[PDB]
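Asks: any chance you could fold what I've pasted below:
(one chain, ligands or ions: 3)
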Amino acid sequence: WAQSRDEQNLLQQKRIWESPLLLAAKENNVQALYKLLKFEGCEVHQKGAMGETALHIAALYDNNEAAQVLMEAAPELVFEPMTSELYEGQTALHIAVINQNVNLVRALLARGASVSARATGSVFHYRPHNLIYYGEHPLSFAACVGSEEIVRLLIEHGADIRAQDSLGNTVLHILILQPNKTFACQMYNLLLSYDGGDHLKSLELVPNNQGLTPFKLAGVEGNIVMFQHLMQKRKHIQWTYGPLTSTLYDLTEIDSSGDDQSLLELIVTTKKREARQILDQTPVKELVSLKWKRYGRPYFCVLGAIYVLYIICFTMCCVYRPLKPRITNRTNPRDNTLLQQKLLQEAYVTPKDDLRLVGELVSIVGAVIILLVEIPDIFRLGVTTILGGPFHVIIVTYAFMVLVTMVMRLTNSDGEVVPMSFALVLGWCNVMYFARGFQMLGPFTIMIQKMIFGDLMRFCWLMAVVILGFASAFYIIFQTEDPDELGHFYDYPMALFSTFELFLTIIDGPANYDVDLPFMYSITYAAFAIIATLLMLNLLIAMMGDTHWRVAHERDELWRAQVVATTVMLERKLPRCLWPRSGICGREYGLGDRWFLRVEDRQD
Ligand SMILES: Cc1cccc([C@H]2CC[C@H]([NH+]3CCN(c4cncc(Br)c4)CC3)CC2)c1
Ligand SMILES: Cc1cccc([C@H]2CC[C@H]([NH+]3CCN(c4cncc(Br)c4)CC3)CC2)c1
Ligand SMILES: [Ca+2]
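Replies: Numbering: from 1, shown residues only. Ligands and ions are numbered 1, 2, ... in the order given. Here you go:
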């Protein structure tokens, strides 16, 4: 798609090279353009490719000596914005502020220019293909390029500090998205110097269109530099006891007060890898440790002891399935037949089956309770880098499978083990979710997750590629030999199964010492062993070897997040009689109704 602007920028320079007026304005030839405006009166209001003016060109290629003439010969071009869609709304002041041309900006204000010129051009939007996002106002441009002299001159001419963009962002919301956090921190405080001054209606309370104060946005963006610079307005010093320093934190726009207004709600839902780096700062790291030590760790282990026993009961009733003989004289049709089906669909006898019946009634409510607490979370994606994604799928597919096994219990089939088997492994594989905040196997469980999707999925595709060539060759060689003393590949499905069974050295390999096997097998099996058993398989060890310590730190950082994120989940879906709010009420004491956190440190 980028060809448009590429062609347009090429079509731009073509028309500049074509029309001799803008060619002189681009190259700043004041002696030549005077011959055009007055002698052979040139069309002054020429509109180029992007609906631009000749003044817009002199501001681009910083030629302030030529634009001085255009202001003295036509001082109304300053009010002309770019008429194209790419640069709609952009004026000559924006380019002069971006390029930081002081005497050009200082002369534009001597002739009047809209300091609120909403540059709504398409390339000014906050998009990935747009390399920067300096906002829509010339004050944001001056603050983005980091020029105090331009910022105050716009304030000296009535610039709007709290001017929101299209996305509801003020001008502070844009500074956080900038890379140069070192110098932008100075610009932020300098920009706040022109605040309304009152205790209300300040810029740090004006939220994004999506409801994000600048303090909240810094956490989602992982801008630790701008984040800690915003903490000084909120933190409170208690006393100076030598090296010690008791510090009080305003704890307001951080702790989970209401619903989505929690700051930790954004850290756990975002995908930005630098947001995981936020919960190590001096207010958050201590709080999440307190919320996890008390209340956090115990309440989770209860659900662990609750859920683990719930699966044992379901397993205890699954292992005690109904029992019936064959019922049919089909004992020999296809000698390979070996089934012994289950019993009546009613089965109203009640000796000790009433003991197994109550467990089935225990297994149905746990599934619908899961559905009654997880189906209300129909949030798109958010599942399988993410945290509790796969388990929710494991849990809701387990619950749906048992709800099928209850429908399968009646009316249909004979021994519906399809919903019995799925709801058994998933029920036990889900207890790996209750790892997480458990010291030693928390980073373990996220590592095998980061390994089942990465190196294992790389290996599984190349593994399936190999066996299909051999299993077909194995079936072909053994679609003509006896399946009674060997026949590991009697039908093509078992050919694939027995060949795949040999990729992992599970079975013993076909090798009967009473037959003259097709020597193609002896050759095909040897090449199958060298490639698959050591070259392909031992390299999986080496592939798991390198990519382990490469992520042996991000896994722990992910583990702290999934410990903190799980600590956040309980505080929401649990009531209030248990799990009280962290901190101390600001009222009664000197403050009022707010909450504060006590933290001491140690200098040197
Ligand atoms: C901490 C944590 C949270 C969520 C998931 C996990 C891992 C273990 C459980 C899951 N896997 C995959 C799904 N499932 C399965 C079962 N049978 C065959 C196949 Br393929 C797959 C169980 C194992 C996924 C990765 C860890
Ligand atoms: C099969 C297997 C299992 C586990 C590890 C390995 C090797 C991978 C490379 C690793 N070591 C250390 C990481 N890295 C390093 C080397 N020197 C100094 C510094 Br600090 C770091 C590379 C060497 C370990 C040895 C092989
Ligand atoms: Ca063996």
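Asks: can I get stretch 4-13 in CSV? Just the C-alpha atoms.
Replies: As requested, C-alpha coordinates have been extracted for stretch 4-13 and formatted as CSV (Å, rounded to 0.1, in the frame of the first residue of the first chain):
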residue,chain,number,x,y,z
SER,A,4,0.8,5.7,-2.8
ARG,A,5,2.8,8.0,-0.5
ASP,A,6,6.0,6.8,-2.2
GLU,A,7,4.6,7.7,-5.6
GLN,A,8,3.1,10.9,-4.2
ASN,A,9,6.4,11.9,-2.6
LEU,A,10,7.9,11.2,-6.0
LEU,A,11,5.0,13.0,-7.7
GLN,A,12,5.6,15.8,-5.2
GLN,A,13,9.2,16.4,-6.2
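Asks: in it, what counts as buried?
Replies: Of the residues in stretch 4-13, those scored as buried under the neighbour-count criterion (16 or more other CB atoms under 10 Å) are 5, 11, 12. C-beta: built from backbone N, CA, C; applies to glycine.
Asks: the second one in helix, strand or coil?
Replies: The local conformation at residue 11, judged by DSSP: H, G, I helix; E, B strand; the rest coil, is helix.
Asks: report the contact partners of the closest residue to it other than its chain neighbours.
Replies: By the measure of CB to CB, 6 or more residues apart in numbering, the closest residue to residue 11 outside its immediate chain neighbours is residue 49, 5.2 Å from it. Residue 49 sits next to 8, 11, 12, 14, 15, 84 when contact means CB atoms under 8 Å, 6 or more residues apart in numbering.
Asks: can you put those residues in CSV and add distance to ligand 1?
Replies: Formatted as CSV, these follow (distance: CB to the nearest ligand atom, whole Å):
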residue, distance to ligand 1
8, 48
11, 53
12, 53
14, 57
15, 59
84, 50
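Asks: so what does the helix or strand hosting residue 356 touch, helix or strand wise?
Replies: Using DSSP states H and E, residue 356 falls within helix 353-374. The contact analysis (3 or more CB pairs under 8 Å, 6 or more residues apart in numbering; DSSP states H and E) places helix 353-374 against helix 297-318, helix 389-409.
Asks: among the ones you listed, which comes closest to ligand 1?
Replies: Ranking the helices and strands packed on helix 353-374 by distance to ligand 1, with CB to the nearest ligand atom as the measure, places helix 389-409 first at 3.8 Å.
Asks: that older thread, Serialize the helices and strands packed on helix 353-374 to a markdown table and add fields for mean neighbour count.
Replies: Listed next are those as a markdown table, based on neighbours: other CB atoms under 10 Å:
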| stretch | mean neighbour count |
| --- | --- |
| helix 297-318 | 15 |
| helix 389-409 | 19 |
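Asks: of those, which approaches residue 352 most closely?
Replies: Of all the helices and strands packed on helix 353-374, helix 297-318 sits nearest to residue 352, with 12.0 Å by CB to CB.
Asks: what helices or strands is that closest one leaning on?
Replies: For helix 297-318, the helices and strands in contact under the criterion 3+ CB pairs under 8 Å, 6+ apart are helix 353-374, helix 418-429, helix 554-573.
Asks: check what contacts it and list those residues.
Replies: By CB under 8 Å, 6+ apart, helix 297-318 touches 356, 359-360, 362-363, 366, 402, 420, 423-424, 427-428, 430-431, 434, 436-437, 566, 570, 574, 578-579.
Asks: what about the helices in the stretch 501-604 of the chain?
Replies: Here the stretch 501-604 of the chain has its helices, by DSSP state H, counting those that start in this stretch, at 519-528, 537-549, 554-573.
Asks: run through who's touching the second one.
Replies: Contacts of helix 537-549 from elsewhere in the structure, counted by CB under 8 Å, 6+ apart, are 447, 451, 454, 455, 458, 459, 503, 504.
Asks: how close does the fourth one sit to residue 548?
Replies: If I follow you right, that is residue 455. According to CB to CB, to the nearest Å, residue 455 stands 9 Å off from residue 548.
Asks: please apply the same query to the fifth one.
Replies: Between residue 458 and residue 548 the distance, using CB to CB, works out to 14 Å.
Asks: distance-wise, check the residue nearest to residue 11 relative to residue 544.
Replies: With CB to CB as the criterion, residue 49 and residue 544 are 56 Å apart.
Asks: near ligand 1, which residues of this structure are found?
Replies: 390-391, 394, 425, 429, 432-433, 435, 445-446, 448-449, 452 (CB under 6 Å from any ligand atom).
Asks: would you map out the domains in this structure?
Replies: Under the assignment named as curated CATH domains, the residue ranges that make up the domains of the chain are 1-281+582-604, 282-581.
Asks: now do the same end-to-end measure for the shortest one.
Replies: The one in question is domain 282-581. Using CA to CA, to the nearest Å, the gap from the first to the last residue of domain 282-581 comes to 19 Å.
Asks: pull the contacting residues for residue 134.
Replies: The contact partners of residue 134, by CB under 8 Å, 6+ apart, come to 98, 124, 140, 141, 144, 145, 174.
Asks: the helix or strand hosting the third one - contacts with which helices or strands?
Replies: The one in question is residue 140. Using DSSP H and E, residue 140 sits within helix 138-144. The helices and strands touching helix 138-144, judged by 3+ CB pairs under 8 Å, 6+ apart, are helix 92-98, helix 148-155, helix 172-176, helix 181-192.
Asks: what comes up buried for the last one?
Replies: Put plainly, it is helix 181-192. 181, 184, 185, 187, 188, 191.
Asks: distance check, the fourth one against ligand 1.
Replies: Translated: residue 187. 43 Å (CB to the nearest ligand atom, to the nearest Å).
Asks: hang on, that residue packs against residue 148?
Replies: Yes - counting by CB atoms under 8 Å, residue 148 is a contact partner of residue 187 at 7.1 Å.
Asks: in the stretch 451-600 of the chain, which residue sits closest to ligand 1?
Replies: Among residues of the stretch 451-600 of the chain, the one nearest ligand 1 by CB to the nearest ligand atom turns out to be residue 452. It sits 5.1 Å away.
Asks: and that residue, backbone torsions?
Replies: The phi and psi torsions at residue 452 (degrees, to the nearest 10) take the values phi -70, psi -30.
Asks: just give me the neighbour total for it.
Replies: Per other CB atoms under 10 Å, the neighbour tally for residue 452 reads 13.
Asks: regarding residue 490, what is its secondary structure?
Replies: Looking at residue 490 with three-state DSSP, the answer is coil.
Asks: hang on, isn't it packed against residue 482?
Replies: No - proximity of residue 490 to residue 482 does not meet the contact threshold set by CB under 8 Å, at 9.3 Å.
Asks: quick one on the thing from earlier: using CSV, lay out the helices and strands packed on helix 353-374 together with distance to residue 514.
Replies: Conversion of these to CSV gives the following (distance: least, CB to CB, whole Å):
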stretch, distance to residue 514
helix 297-318, 43
helix 389-409, 46
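Asks: residue 590 is nearest to which of the ones you listed?
Replies: Distances from residue 590 to each of those were compared by CB to CB, and the smallest falls on helix 297-318, at 33.1 Å.
Asks: return the closest one as CSV; C-alpha atoms alone will do.
Replies: What follows is helix 297-318 as a C-alpha-only set of coordinates in CSV (Å, rounded to 0.1, in the frame of the first residue of the first chain):
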residue,chain,number,x,y,z
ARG,A,297,-0.8,-17.6,48.9
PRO,A,298,-3.3,-19.3,51.4
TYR,A,299,-6.5,-18.7,49.5
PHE,A,300,-5.0,-20.2,46.3
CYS,A,301,-3.8,-23.3,48.1
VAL,A,302,-7.4,-23.9,49.3
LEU,A,303,-8.6,-23.9,45.8
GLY,A,304,-5.8,-26.2,45.0
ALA,A,305,-6.8,-28.6,47.7
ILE,A,306,-10.4,-28.1,46.6
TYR,A,307,-9.8,-28.6,42.9
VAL,A,308,-7.4,-31.5,43.3
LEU,A,309,-9.9,-33.5,45.4
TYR,A,310,-12.6,-32.6,42.9
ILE,A,311,-10.7,-34.4,40.2
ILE,A,312,-10.0,-37.4,42.4
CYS,A,313,-13.7,-37.8,43.0
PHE,A,314,-14.4,-37.6,39.3
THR,A,315,-11.6,-40.1,38.7
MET,A,316,-12.9,-42.3,41.5
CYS,A,317,-16.3,-42.4,39.8
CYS,A,318,-14.8,-42.8,36.3
